[PDB]
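Here the structure is laid out as structure tokens; the discussion comes afterwards.
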Number of protein chains: 4
Amino acid sequence: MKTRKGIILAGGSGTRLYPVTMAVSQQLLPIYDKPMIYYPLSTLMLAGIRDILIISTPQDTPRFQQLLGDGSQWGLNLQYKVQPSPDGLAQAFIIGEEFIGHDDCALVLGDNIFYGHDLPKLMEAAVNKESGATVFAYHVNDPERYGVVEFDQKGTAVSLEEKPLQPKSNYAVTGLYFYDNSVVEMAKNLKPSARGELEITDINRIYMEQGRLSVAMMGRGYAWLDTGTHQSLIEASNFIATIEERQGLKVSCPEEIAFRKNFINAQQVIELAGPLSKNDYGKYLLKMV
Amino acid sequence: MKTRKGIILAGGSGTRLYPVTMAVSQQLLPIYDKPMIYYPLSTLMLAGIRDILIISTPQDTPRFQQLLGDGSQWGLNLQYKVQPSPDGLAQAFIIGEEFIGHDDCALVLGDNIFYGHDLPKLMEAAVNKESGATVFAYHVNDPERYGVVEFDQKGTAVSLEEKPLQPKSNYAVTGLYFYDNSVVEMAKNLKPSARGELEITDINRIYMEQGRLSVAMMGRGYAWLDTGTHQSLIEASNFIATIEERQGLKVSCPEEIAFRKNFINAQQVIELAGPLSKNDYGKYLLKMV
Amino acid sequence: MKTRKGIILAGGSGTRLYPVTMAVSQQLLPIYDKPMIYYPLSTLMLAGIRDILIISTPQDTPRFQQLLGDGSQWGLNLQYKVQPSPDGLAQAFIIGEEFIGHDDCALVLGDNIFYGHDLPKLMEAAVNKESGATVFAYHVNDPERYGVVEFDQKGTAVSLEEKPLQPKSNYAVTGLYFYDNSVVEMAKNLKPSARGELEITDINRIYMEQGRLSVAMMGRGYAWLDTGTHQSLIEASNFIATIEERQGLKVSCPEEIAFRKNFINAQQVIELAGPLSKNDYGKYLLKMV
Amino acid sequence: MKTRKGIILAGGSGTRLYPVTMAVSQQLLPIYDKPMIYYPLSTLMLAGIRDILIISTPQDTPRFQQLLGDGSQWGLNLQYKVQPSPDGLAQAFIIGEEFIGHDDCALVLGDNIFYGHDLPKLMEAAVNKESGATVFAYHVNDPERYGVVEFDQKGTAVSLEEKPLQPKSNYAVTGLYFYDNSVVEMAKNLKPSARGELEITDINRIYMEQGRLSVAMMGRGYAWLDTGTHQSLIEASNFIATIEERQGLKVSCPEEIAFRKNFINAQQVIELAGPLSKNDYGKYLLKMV
Ligand SMILES: Cc1cn([C@H]2C[C@H](O)[C@@H](COP(=O)(O)OP(=O)(O)OP(=O)(O)O)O2)c(=O)[nH]c1=O
Ligand SMILES: Cc1cn([C@H]2C[C@H](O)[C@@H](COP(=O)(O)OP(=O)(O)OP(=O)(O)O)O2)c(=O)[nH]c1=O
Ligand SMILES: Cc1cn([C@H]2C[C@H](O)[C@@H](COP(=O)(O)OP(=O)(O)OP(=O)(O)O)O2)c(=O)[nH]c1=O
Ligand SMILES: Cc1cn([C@H]2C[C@H](O)[C@@H](COP(=O)(O)OP(=O)(O)OP(=O)(O)O)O2)c(=O)[nH]c1=O
Ligand SMILES: Cc1cn([C@H]2C[C@H](O)[C@@H](COP(=O)(O)OP(=O)(O)OP(=O)(O)O)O2)c(=O)[nH]c1=O
Ligand SMILES: Cc1cn([C@H]2C[C@H](O)[C@@H](COP(=O)(O)OP(=O)(O)OP(=O)(O)O)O2)c(=O)[nH]c1=O
Ligand SMILES: Cc1cn([C@H]2C[C@H](O)[C@@H](COP(=O)(O)OP(=O)(O)OP(=O)(O)O)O2)c(=O)[nH]c1=O
Ligand SMILES: Cc1cn([C@H]2C[C@H](O)[C@@H](COP(=O)(O)OP(=O)(O)OP(=O)(O)O)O2)c(=O)[nH]c1=O
């Protein structure tokens with residue numbers, strides 16, 4: 001079965017971005033010309049995932065709901081659910097248990113921005129895996145902040161460590177994961193770590209130990225950004241602005257992606273673009289069709 | 001009488017920023033490391049103004065209230081009032097009539113960033129002005145978007161025009177205004193312009209016609225920025241980032257300004273910083289004391 | 001025959017960048033952390049091309065020679081030749097006639113930056129092409145500045161126009177070209193255009209008219225940037241900075257590419273890095289091995 | 001006597017910016033739209049200094065000479081001299097001894113960028129000091145890299161330390177200094193420090209100990225940037241670009257400054273702008289007059 005369900009974890013406390021996240025969800029902050037959540041949303045769409053559960057805080061879940069609605073305007077089926085407190089990424093599968101049911105499911109972090117040639121191609125392989133799980137390894141400047149994958153001399157991934165003191169490599173596990181149905185049972189049996197969180201890295205270690213984990217390499221030609229600090233947030237925005245100004249094309253425009261994947265037709269695009277044509281966003285869409 | 005009351009117009013529509021501003025007020029958007037409204041708030045505070053009225057939309061007013069509270073944490077007296085519809089800058093004096101009472105009052109637009117050596121000094125002259133009004137003239141590249149001031153050969157401001165098809169100069173009127181109590185009656189008597197808005201420029205033209213308007217020059221040494229477009233918003237963030245990274249000092253940090261102007265003392269800063277010391281903002285405040 | 005020779009057109013006038021380019025060649029300007037010419041040089045190297053001719057102005061050729069030497073430090077064979085006057089891109093094949101001999105040859109503009117996942121792969125098809133030529137089509141916002149390709153309903157490129165008043169599409173021809181040996185005779189027979197230049201576009205039109213031109217699409221997933229204006233130059237630098245800061249990996253580092261493609265081995269890298277280990281570039285190279 | 005002579009130290013090895021400074025002097029690198037040296041040059045001009053000695057490396061001194069000439073086109077008198085090796089900032093006064101003669105003299109580092117309201121006013125005070133010296137203290141993020149000034153509780157500067165291990169404050173001494181004639185004798189008697197350089201900080205300590213040093217504060221409202229790293233270089237450029245795009249005015253344009261200070265007239269500006277009107281720089285100047 002092709003993965004057809006996805007969860008966007010869009011909550012957290014956002015303490016590092018304080019005070020910008022004091023009155024606005026990190027996932028609603030702009031990345032140049034569109035809300036941050038539009039990016040991970042576009043990533044799932046490109047992967048062919050149209051049934052998506054969005055999870056956020058008790059305060060912000062209603063806000064995403066208000067901005068996105070049921071997502072039928074983009075040919076999607078959006079559902080919402082609250083995570084009482086940011087107790088860990090793995091909790092996404094406990095909260096989303098009903099939604100997931102007996103199906104495979106992808107997980108993408110609400111602040112993750114992916115961009116690059118063949119990204120869709122890269123995700124399809126994971127989407128079509130009958131069972132097991134697929135995560136992606138990306139070379140980053142400071143491994144210590146993430147789940148770090150260790151490889152042997154042959155290039156085989158042999159272990160994963162959450163925020164190691166001494167990273168065994170500079171390869172971090174990205175915020176995009178693809179799982180078969182067994183992840184729900186794994187999450188339910190996890191016990192909090194010393195830092196009191198349900199670790200998704202423990203989930204991934206389990207798949208690895210069962211020999212069911214594909215650590216797909218996401219090359220340097222791809223861009224994987226997260227907006228962890230004020231600094232990285234602005235760099236991400238400059239990155240996006242440069243590409244869009246140069247190409248005259250938009251990065252992660254859901255309306256566009258839905259149109260090109262035939263989720264909606266030109267008439268639907270025209271209606272959505274109407275209210276947005278007082279600036280380039282809407283004019284872009286009108287021109288697109 | 002020194003101007004001791006101020007109003008921040010923090011509402012509006014933000015069409016030029018859709019869909020960014022669909023689910024986030026322009027004034028809540030981050031400008032590098034803090035919400036946009038911290039800048040105009042700081043500008044008033046630096047002028048010695050502590051009693052401030054915050055006006056926004058029906059939906060966003062409560063959000064600013066949640067973000068700022070009554071402002072006592074910073075030695076301020078903040079109040080809030082809703083602007084039913086974004087019918088014009090001048091409407092700020094109608095909505096804020098009770099708040100203003102019989103006193104002088106300043107108005108600053110929520111998306112305006114002012115920065116420069118001796119900015120406090122420049123404002124102090126306006127703050128101490130007995131009667132009449134003071135506005136500021138700043139040289140910009142696209143004057144047509146603003147209220148534009150015409151000067152005669154001697155350099156005396158002789159007329160103002162809102163968005164003229166043909167600017168008589170490249171000097172725009174900034175979003176910081178100081179008025180005496182007569183502005184309230186002026187606003188109550190304005191008729192909407194062809195574009196259906198109560199024009200702050202008509203108020204300024206009235207003071208100028210009565211010979212009561214001081215058009216103070218705000219030189220090139222100062223930075224006056226707007227964040228109405230994707231472009232201006234990212235440029236402002238980069239601008240602020242450069243300054244702060246270099247100085248190790250923050251631009252428009254309310255806690256810091258409140259401390260340096262003795263609105264609050266060290267213990268209060270220490271108390272505010274504690275629960276925030278986990279992020280750089282907290283560390284910044286502790287280093288300060 | 002695989003394309004094993006390349007030419008970098010690194011001269012020109014740079015009027016749009018005066019006075020920046022009055023005392024510094026556009027190709028010597030930094031793009032974040034390395035001179036501009038390192039990028040096109042890397043592009044050729046990634047295509048497996050080691051024998052490269054660098055063409056510049058009478059004044060600047062010696063500077064590039066001092067910067068790059070004979071390239072043996074990176075397992076390359078670099079040569080230099082002066083372009084008396086910036087009389088057109090196509091003049092590159094007249095000046096480089098002896099260098100080319102009877103072989104195939106690639107041409108890359110000195111101010112062109114290419115980046116993206118699988119870029120090497122895309123070039124390899126051109127590199128292996130038996131005869132004819134290959135150029136790349138990229139979607140941009142201001143096509144009028146470039147050679148523009150027209151496609152029919154089926155998507156087949158049917159015509160090219162240099163700076164048309166009315167672009168027939170938004171696809172510009174990039175600054176990376178692959179040619180068979182017949183390009184030399186074509187260039188020697190060109191007559192200057194009304195703007196008095198030997199047009200590379202006329203050469204491309206010739207291959208297209210003989211049905212020997214492959215117009216390969218370079219998708220939105222790739223970044224193709226120019227640095228002809230103040231604006232494009234700073235945007236490119238910010239673009240590169242974001243990528244590198246995030247990855248802890250450098251874009252177009254000749255030493256690294258030479259190492260990864262086995263042009264040189266570890267000892268050589270270690271020897272080059274030693275005297276540079278005092279700065280981050282040296283540290284970067286040592287970390288690499 | 002008003003200081004009427006100035007020296008721009010524009011040499012050094014630039015190792016930190018390697019490889020960008022391998023084939024281009026750090027002082028010829030662009031800062032958005034003009035060579036870096038145009039900035040310190042503009043600073044001396046604003047201070048009323050028209051007789052300036054430019055010092056660089058054996059290789060680059062001729063390049064500045066070629067770009068700037070005798071500077072009479074801007075109403076200046078430029079002289080050039082080589083510093084065999086970067087043996088320290090204080091060496092500027094030994095090399096420039098003949099040039100200085102019996103007069104007072106200012107020193108500005110070739111990579112220093114100063115900007116802010118009243119900068120000229122700030123410098124005039126130092127320019128008019130009969131004797132002694134004036135340096136400026138600026139709060140920076142990392143004091144350790146500069147000469148650091150320690151102050152007592154009253155705000156009086158009491159000591160200076162070059163690159164202290166434990167900075168006694170976050171105030172660094174900027175790259176702009178104003179001296180009376182006694183600095184030449186001081187420089188001649190200095191002995192190299194442990195790091196083998198003639199320290200300008202020892203010069204400044206001498207003035208301080210003789211009670212002849214004015215440590216003028218350069219407030220946070222001013223911007224003082226140096227382009228030490230690739231990162232700071234790009235931030236400086238973004239800073240300049242934002243201000244210029246917003247104001248429609250240029251920062252540190254020598255042609256403009258010479259015109260406004262009446263060093264040259266409109267006709268001279270028109271002639272210089274002619275060759276530069278293929279881009280905004282020249283058009284700016286033409287419009288200016
Ligand atoms: C942990 C945790 C994170 N998040 C989502 C929010 C982010 O988009 C994504 C990334 O993890 P984090 O970035 O670390 O989320 P965070 O906001 O807690 O970061 P910090 O407070 O240190 O600044 O995960 C949740 O929704 N729930 C959670 O329980
Ligand atoms: C390898 C390598 C690639 N490149 C740039 C060239 C391409 O635009 C981009 C991608 O080339 P590719 O390496 O072939 O694509 P990749 O994303 O698979 O890279 P990897 O898996 O090895 O991390 O990287 C370099 O600049 N330096 C290098 O050392
Ligand atoms: C008009 C109007 C503006 N504003 C404040 C919001 C902004 O901070 C400041 C500047 O006004 P504008 O920016 O021009 O109003 P806007 O936010 O609707 O922008 P757009 O053209 O994209 O729709 O004035 C109000 O609060 N109330 C109003 O009635
Ligand atoms: C005049 C002038 C100043 N400057 C820079 C130097 C200072 O850092 C900054 C401000 O110096 P000042 O010009 O004297 O301050 P200002 O803000 O009053 O400028 P004005 O009223 O003339 O618009 O401007 C230039 O770069 N070019 C110029 O032509
Ligand atoms: C024309 C021409 C360009 N060039 C190279 C330089 C650039 O890297 C690349 C792009 O050409 P252009 O950039 O358009 O040439 P230019 O540098 O003169 O730009 P400007 O319009 O500001 O004067 O081609 C040459 O080397 N020789 C030439 O005869
Ligand atoms: C199509 C499409 C892709 N993408 C992003 C997703 C990927 O990171 C990147 C490239 O995916 P791909 O589109 O499949 O790669 P491409 O370079 O071949 O694109 P094309 O030939 O259609 O111009 O573009 C969008 O943001 N919006 C879109 O409408
Ligand atoms: C030391 C020294 C510096 N310089 C000038 C060059 C710079 O504009 C200015 C600033 O000092 P530095 O910046 O440290 O000069 P640098 O190029 O040696 O820096 P680094 O090699 O560590 O990257 O001083 C000289 O001209 N001569 C000298 O002897
Ligand atoms: C003090 C202070 C000023 N400001 C901004 C407001 C002004 O635009 C700019 C300059 O205000 P001023 O402080 O009066 O000018 P300054 O350059 O003399 O500052 P100082 O000597 O104290 O370092 O700094 C803050 O944002 N926060 C602060 O805590």
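All residue names refer to the structure tokens as shown: chains lettered A, B, ... in order, residues numbered from 1 in each chain, ligands numbered from 1 in order.
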message = Residues contacting ligand 6 - anything with an atom at most 6 Å away, using only C-alpha atoms and all ligand atoms - can you give me those as number ranges by chain?
response = A: 115-120, 251-252, 256-257; C: 219-222
task = Run DSSP on the backbone and grab whatever in range 172-233 of chain B lands in strand (DSSP E or B); send it over as an MDAnalysis selection string.
result = chainID B and resid 172:179 213:217 223:225
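Remark: for residue 14 in chain A, the closest of the candidate residues A:110, A:75, A:62, A:167 is A:110 (distances computed over only C-alpha atoms).
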request  = Using only C-alpha atoms, determine which residues lie at most 12 Å from residue 250 in chain D, disregarding the query and same-chain residues fewer than 2 positions distant; provide the list as number ranges by chain.
outcome  = B: 139-141, 220-221; D: 31-34, 38-39, 42, 115, 240-248, 252-257, 280-285, 288
inquiry  = Counting only C-alpha atoms, a student should be able to say which residues of chain D come within 9 Å of chain C; what is the right answer, written as a ChimeraX atom specification?
reply    = /D:15-24,28-36,63-64,66-67,229-231,233-234,237-238,241,275-282
request  = Using only C-alpha atoms and all ligand atoms, find each protein or nucleic acid residue lying at most 9 Å from ligand 1; present the set as a count of residues only.
outcome  = 43
